[PDB]
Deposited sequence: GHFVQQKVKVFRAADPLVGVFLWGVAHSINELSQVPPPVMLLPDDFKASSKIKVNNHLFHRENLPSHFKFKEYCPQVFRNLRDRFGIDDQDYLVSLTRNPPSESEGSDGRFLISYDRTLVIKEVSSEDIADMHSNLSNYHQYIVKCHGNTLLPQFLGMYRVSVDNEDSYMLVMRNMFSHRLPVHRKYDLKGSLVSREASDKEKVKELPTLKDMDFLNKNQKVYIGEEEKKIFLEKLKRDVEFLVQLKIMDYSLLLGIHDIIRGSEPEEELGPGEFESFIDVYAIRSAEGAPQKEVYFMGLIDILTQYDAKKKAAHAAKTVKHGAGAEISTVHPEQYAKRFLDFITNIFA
């Protein structure tokens, strides 16, 4: 059943418009109540002998905790209308690498990742904790910015979408990619992964390449003290198995002929004495994983993580 447009994205793009447009009529609550953290807005469409081109005739769309995620976007500095333009003005571009879908907004500021149903449950188990941490740090963090969480039902099949700020650059393309855990049971990018154009390298590949990150001592201090706070928050929640996403843009290799419009929140320029002029992009990914696993405590995972990351700097 080849289609030119994927109905899963079309229904998602429809539902984001509908969600935000109805949200424009609902005044923001003065304080989020514990009921807002179990709330949801669903809507089910049933057209009969009335066909549309972009959307299927039978679909559902649900938004998880609208008031919570609306408040989160605000605290992260994103106007709801800017969120809408960025996701819907033009179709997002598809990216490969992750399990299911992984979309990038047309302005390359937002990311939309397909997650599982247990991931949706893990977010609810800690949305209140995550929100209270965004309040406390005023949104200045290395954790991902969870901006919206949605369920898209099409052809009697539910997909779960999660929107976030893009940790990479809206305009500077990433030339080298790592995912760093600091672990012992060592991590190499597979042969299958390594022959791609942009392979996600891991701890051992980082070391094998003599990779170092040159940012200068003040930025190093701010980044490590931030990383330390964020990790302690996860440790308190008994979380482990998270990663630092590290991207590297080669400056002299440049972008395409495309050279103020947006701020790359997770970017740090290289130090003035660096051997290479580059831009780094760093963020924690795959948080929200509890220690309970059916065959390392969160405190030990963290200490090892922080010590590894501390030494990637030079």
Missing residue ranges, deposited sequence indexing starting at 1: 1-9, 269-275, 312-330
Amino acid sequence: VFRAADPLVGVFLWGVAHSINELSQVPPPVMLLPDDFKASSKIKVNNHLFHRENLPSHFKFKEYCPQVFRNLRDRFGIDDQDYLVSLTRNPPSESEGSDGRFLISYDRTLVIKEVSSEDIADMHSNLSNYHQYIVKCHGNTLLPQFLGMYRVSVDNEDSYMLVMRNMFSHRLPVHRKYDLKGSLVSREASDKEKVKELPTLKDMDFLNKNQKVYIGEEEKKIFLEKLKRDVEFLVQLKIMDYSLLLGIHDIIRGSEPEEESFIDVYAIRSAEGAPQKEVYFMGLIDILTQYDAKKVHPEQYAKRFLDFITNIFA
From here on, numbers count along this sequence of modelled residues.
Stretch exceeding the other in mean C-alpha B-factor - 189-197, 165-173: 189-197
Stretch with the greater mean C-alpha B-factor as recorded in the entry, comparing 139-147 against 116-124: 116-124
Highest recorded Cα temperature factor - choice among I285, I251, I248, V68: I251
Criterion, highest CA B-factor; candidates, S243, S93, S98, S86: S98
CA B-factor placement of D74, once the chain's modelled residues are sorted into thirds: middle
Position of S105 among the chain's modelled residues by C-alpha B-factor, lowest, middle or highest third: lowest
Where the record places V296 (Cα B-factor, split into thirds across the chain): highest
Assigned third (lowest, middle, highest) for the C-alpha B factor of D155: highest
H131 - which third its CA temperature factor falls in, relative to the rest of the chain: lowest
